[PDB]
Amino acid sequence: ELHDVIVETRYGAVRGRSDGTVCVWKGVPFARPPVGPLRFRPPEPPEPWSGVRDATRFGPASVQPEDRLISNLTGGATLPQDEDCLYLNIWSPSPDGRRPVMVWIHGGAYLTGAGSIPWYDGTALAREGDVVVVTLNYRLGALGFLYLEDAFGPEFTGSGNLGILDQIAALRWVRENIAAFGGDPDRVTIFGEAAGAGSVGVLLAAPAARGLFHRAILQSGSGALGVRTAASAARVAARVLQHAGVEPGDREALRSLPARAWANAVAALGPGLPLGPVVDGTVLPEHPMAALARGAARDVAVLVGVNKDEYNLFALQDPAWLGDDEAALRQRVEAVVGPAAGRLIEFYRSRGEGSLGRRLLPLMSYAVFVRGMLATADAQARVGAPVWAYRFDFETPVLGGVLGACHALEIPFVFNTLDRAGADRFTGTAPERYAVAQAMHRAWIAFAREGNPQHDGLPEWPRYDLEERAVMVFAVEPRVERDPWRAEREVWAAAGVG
C-alpha cells in the first residue's frame, strides 16, 4: 500500500514514500555537508543534484559518543553515524495544501540524539493534527559546539554555536522549501526537549533566527539550560583540544583529526554538561534569558513545561543520588547553586521522603529544569506574549518507582509514539496512558494551529500569567494548578540564587 511521492526542492528533486495517508521523506539535506573546509564552519545551502535523490532511508547522525540512555532502558540502537550528517526528515498529510508545520530539535545534552530517533517519528503527529512534522540534525559535541575563537582567532567566530547555526539553516530550508512538501512557512512551530529545549531558548534569542517561527515549545529545558560564557567555553575547548592533541593555532592538526577522536576527546572530560550554547557575542550576542527578558520573543507564543521528577533520570547515571551520605549530596548541590547550597539543603531536607538525596532531587529538578521554565514563563507574561505552562505527572512504575515522572518520559505523549520502538518498557503499559498521551498530543497540535493548546480531551486551560501562574498538569486526571512552585519560587528568591 506504500507508494512513491516525488517532490522538488530548490536544490533538487527527492523521492519519498507515502501510503496514501502520510508521506515521509528521510535524509533530506538542508545544508552543504560540513566537512573539510566547512568543518567548524556555519552551514551553507545544499549543493544541487541532478536526478531524483533517494529519501527512503534515514541520513547518518552526527558523530557522537555512545549514550547508555539509549542502550540501557530503551532497546534503542547505537545510532548509525557520519560527519556528513546535515539531513532532515519530513512527515506531512499531503504535498497539496498549506498545513501548520512542527519543527523538532532533539535533546541529549548537546552530545547525543537525532531527528531520526524512532520515538520522534512524525506519522502520528501528521495524521492527528493536519500538520507537517520535520526533524533535523544539528552538529553535536566538539564538531558542533567547540568554541575556538580564543584558540584559533576570528576565522572560527561562532564555532561555539555551530549546532545552533545548523538549527537556523534547517529553519531557513523550511521557509524556503517546505511548500513543496505541503507546508505553510508563516505557521511554523519549533519544539524541542532537553538540549533541544535549550536550543529553542537559544533560537529565541538569536537575531539570525528571527522571522523563521511564530511559535516555540521548550520541554524540560530553557534558555538558561547549558548556556555558557565565552571564557568558560574557551577553557573547555583547551581541555578538549589537549585530549585531541591539537595545539591552538594549528589548522593542519584540527582538520586532520578523525571525527571519532573528536567525540572521544569530549568524552574524556567526564559526566555532565561539558559543551553547551556559548554567549559568543555574534551568534549569541547575550545570554538567552537576558534576551528573553528584553522582549525578543514578545510576538512569539511559547508553551513550556517540566516533568514532576525532572532530575530523577540522572540517578540511573549517578547512583549517589540514592545514598543518604550528607557530605557528597552537598558537593553535588554546591556545583549547581554555589554558596547558597546551605540554605536550600535545609529547606528540601524537611520535605519529601526517603534518604536526604531522594528529598534533594526536587532541588536538582528546580535548579536545572523548573528554574529555567518558571523564568521562561514569567518573562513572557511581562512582555505580553501568550504562554501556557504544564507539568507532566504521569509516573513510570519501572525500576521500583524511584524514577516517577522523570526526565524524557513525556516525549511519547506529545508524539503519540507509545507503540514506537517498544516504548512501553520505559513508561509501563497502563491503559490510562493513551488518554494523557492524546491529551498532550492534541494540545500541542492545538497550540501549533491556533496559538491555544485547548482541546476537548483537556479541561479549560487558562493562559499562563504572572498573577495566578496557571499550570496544566498532565496526569491520569488532568487539572490546572495555580503557582505550584510558589514555595520554591519564594525560597529561591530569598536564598539569593533565584
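The first residue of the shown sequence is 1; numbering continues from there.
When the mean C-alpha temperature factors of 318 to 326 and 257 to 265 are read from the deposited coordinates, 318 to 326 comes out higher. Just going by the entry, 164 to 172 versus 67 to 75 on mean CA temperature factor gives the higher value to 67 to 75. Residue set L284, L111, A367, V188: peak C-alpha B-factor at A367 (per PDB entry). The entry lists C-alpha B-factors for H106, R382, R239, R215, and the highest of these is at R382. Sort the chain's modelled residues by C-alpha temperature factor and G196 lands in the lowest third, per the entry. In the PDB entry, a CA B factor belonging to the lowest third of its chain's modelled residues is recorded for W119.
Per the PDB record, residue ranking by Cα B-factor puts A13 in the middle third of the chain. For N452, the recorded CA B-factor ranks within the highest third of the chain. Only modelled residues enter the ranking. Annotation for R53: CA B-factor lies in the lowest third of the chain's modelled residues.
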